[PDB]
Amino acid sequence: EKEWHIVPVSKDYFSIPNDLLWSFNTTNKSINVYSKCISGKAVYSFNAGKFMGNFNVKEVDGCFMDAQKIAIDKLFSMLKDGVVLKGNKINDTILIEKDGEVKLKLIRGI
């Protein structure tokens, strides 16, 4: 099982809260997201570099700034619609791509 955090690349995501942690379990195939104010377990598909998932999110009222909420909302909407994941053979960083651009990167670790 590995975990990552986001480093946003697109401005839609500059306000994403920093404590979101994304986990993938290689044994049972589970994907979760965890933070102080959001949780979600993914129903998902990942084929040919294309990832799409529904995280069934819970969110704490009043915990986020308006800008953070919009960024979070947009992120889960984008993940549902589908993104392309670009890994590499050097380390565990993954670029998340959509609509001709890099939207964000996943950096391994908390």
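Note that residue numbering follows the sequence shown and begins at 1.
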Checklist entry - Between 36-44 and 73-81, which has the higher average C-alpha B-factor in the PDB entry? => result 36-44
Next on the checklist: Among the modelled residues of this chain, does the Cα B factor of residue 52 put it in the lowest, middle or highest third?
Outcome noted: lowest
Checklist outcome for this item: So, residue 2's CA B-factor, relative to its chain, sits in which third? The highest
Checklist outcome for this item: The third of the chain into which the C-alpha temperature factor of residue 18 falls is the highest
Checklist entry - Of the three thirds of its chain by CA temperature factor, lowest, middle or highest, which one includes residue 97? => result lowest
Checklist outcome for this item: Among the modelled residues of its chain, the C-alpha B-factor of residue 91 falls in the third labelled middle
